[PDB]
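> With the first letter of the sequence shown counted as 1, position 20 gets the number 20 in the authors' numbering; the numbers rise by one all the way through. Every residue gets a Cβ at the ideal spot worked out from N, C-alpha and C, and that includes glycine. Would you mind keeping the following structure in view while I ask a few things?
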Amino acid sequence: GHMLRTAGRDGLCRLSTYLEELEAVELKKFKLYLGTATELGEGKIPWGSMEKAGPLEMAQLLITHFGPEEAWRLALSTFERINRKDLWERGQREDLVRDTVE
Numbered sequence: 001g002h003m004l005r006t007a008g009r010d011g012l013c014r015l016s017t018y019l020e021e022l023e024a025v026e027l028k029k030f031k032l033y034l035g036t037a038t039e040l041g042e043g044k045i046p047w048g049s050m051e052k053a054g055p056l057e058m059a060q061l062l063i064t065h066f067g068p069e070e071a072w073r074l075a076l077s078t079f080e081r082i083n084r085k086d087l088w089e090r091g092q093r094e095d096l097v098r099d100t101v102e
């Protein structure tokens, strides 16, 4: 687990690792949320070309359309939206909890 990446750079690697935790319907929510999103403007995802896509295909989908860490953002920030707040907290913690600490 640890000391695996002495020198490394993830992006897609972290994206996949979290998207592999999502089941078909979880990915379903995820890919419709951002893929058919009008809040995202037009939607960087092609027209239904993610229906037969799984964690592997999805990771390589977001990474190609959005970008390495943009894909990651699109996943973590959608985890919270599909009621996958658990894994979402595994993604973003950012900084500070209440006072002084964290």
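#1: Give a yes or no on whether the C-beta atoms belonging to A59 and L12 are separated by under 7 Å.
#2: Pull up the CB-CB distance for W88 and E80, whole angstroms please, since I reckon it's below 8 Å.
#3: If the criterion is Cβ atoms closer than 7 Å, does the pair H65 and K44 meet it?
#4: Could you tell me whether the Cβ atoms of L15 and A75 are closer together than 7 Å?
#5: Whole angstroms is fine: what's the gap from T6's alpha carbon to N83's?
A quick look at the data gives this:
#1: With contacts defined as CB atoms closer than 7 Å, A59 and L12 qualify as a contacting pair.
#2: 4 Å
#3: yes
#4: yes
#5: 33 Å
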